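Okay, structure first, notes after.
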Amino acid sequence: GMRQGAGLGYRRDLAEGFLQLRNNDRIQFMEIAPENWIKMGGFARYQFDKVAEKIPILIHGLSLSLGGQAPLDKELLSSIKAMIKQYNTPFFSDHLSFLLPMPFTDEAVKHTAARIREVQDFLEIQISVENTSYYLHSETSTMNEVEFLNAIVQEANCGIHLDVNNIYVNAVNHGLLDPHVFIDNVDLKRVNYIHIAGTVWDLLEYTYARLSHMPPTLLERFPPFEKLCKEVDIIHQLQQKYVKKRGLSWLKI
Ligand SMILES: C[As](C)(=O)[O-]
Ligand SMILES: [Fe+3]
Ligand SMILES: [Fe+3]
């Protein structure tokens with residue numbers, strides 16, 4: 001325990017800056033993918049484990065493919081459960097995929113929701129689903145992106161890991177959903193984790209003005225460590241502006 005506030009993602013090449021952090025007052029938590037942890041060497045893992053003595057961890061995975069057709073990877077799920085136990089961190093988020101369009105249909109909602117309920121049963125925790133950029137919008141879609149997300153997470157009864165940039169990117173690429181309409185309609189009571197990497201900064205403020213609580217917010221990004229820490233201080237200063245002005249509580253994971 002315990003994750004709250006503003007954090008930074010772990011990379012083997014930032015290990016020297018992470019290992020010099022004397023506490024988690026500034027970098028309040030870090031993020032790691034299981035796909036990278038699993039394939040760490042002995043010394044890379046040592047450095048990581050040594051940083052995890054001071055800086056708590058959230059697990060955000062790349063490859064579980066929650067809306068995919070291939071059966072769920074039990075070898076991967078087992079490493080996720082092992083990490084949750086090892087680092088004492090009862091959180092997990094991943095993505096829907098990764099050519100073809102991602103159709104926002106009820107058939108895909110029911111399919112994805114059902115797999116998320118299986119992942120939840122195995123891990124014995126509730127997971128969060130991250131909104132991602134998609135390349136091709138399906139002609140067959142019966143709903144828009146925020147409807148789709150909302151529907152999946154309400155039918156799986158899981159959280160939302162909200163990525164601000166991915167909202168902006170789907171608005172730029174497709175022109176289908178105003179990022180302001182997105183945030184106004186997202187099930188914000190379910191957002192327990194946020195990612196941010198100008199107009200996008202303002203979408204963070206727009207979200208912060210509307211959430212029910214203040215979740216952990218990670219700077220997602222190759223610049224030098226202390227620059228990355230100054231960017232994290234700004235996310236945090238922005239969090240405190242909104243916790244103060246709106247009387248919010250900090251969500252602690
Ligand atoms: C780096 As992403 C598209 O999973 O927020
Ligand atoms: Fe992601
Ligand atoms: Fe992200």
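Counting starts at 1 for both ligands and their atoms, in listed order. The figures that follow rest on heavy atoms only: side chains count, while hydrogens, waters and symmetry mates do not. Residue numbers start at 1 and run along the sequence shown.
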Looking at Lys245 and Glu205, is any side-chain nitrogen of the basic one under 4.0 Å from a carboxylate oxygen of the acidic one? no
Side chains of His95 and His60 only: does a donor on one sit below 3.5 Å from an acceptor on the other? yes
Quick one: which residue pairs count as a salt bridge (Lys or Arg N to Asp or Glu O under 4.0 Å) with a foot in residues 165-185, not counting sequence neighbours? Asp184-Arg210
Donor-acceptor pair, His137 side chain versus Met102 backbone, under 3.5 Å? no
Per-ligand residue contacts, ligand 1, heavy-atom threshold under 4.0 Å: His95, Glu130, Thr132, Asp163, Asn166, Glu220
Check whether any side-chain N or O of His195 sits under 3.5 Å from a backbone N or O of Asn166 as a donor-acceptor pair, and report yes or no. no
Protein N/O/S atoms closer than 2.8 Å to the Fe ion (ligand 3): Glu130 OE2, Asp163 OD2, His195 ND1, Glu220 OE1
Is there a donor in the side chain of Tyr134 and an acceptor in the side chain of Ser97, or the other way round, less than 3.5 Å apart? no
When clusters are formed from ILVMFWY side-chain contacts under 4.5 Å, directly or step by step, what else is grouped with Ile253? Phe29, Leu58, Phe91, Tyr193, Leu218
Inter-residue atom distance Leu66.CG - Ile152.CD1, 0.5 Å rounding: 9.0 Å
Any luck finding a side-chain donor-acceptor pair between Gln28 and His236 under 3.5 Å? yes
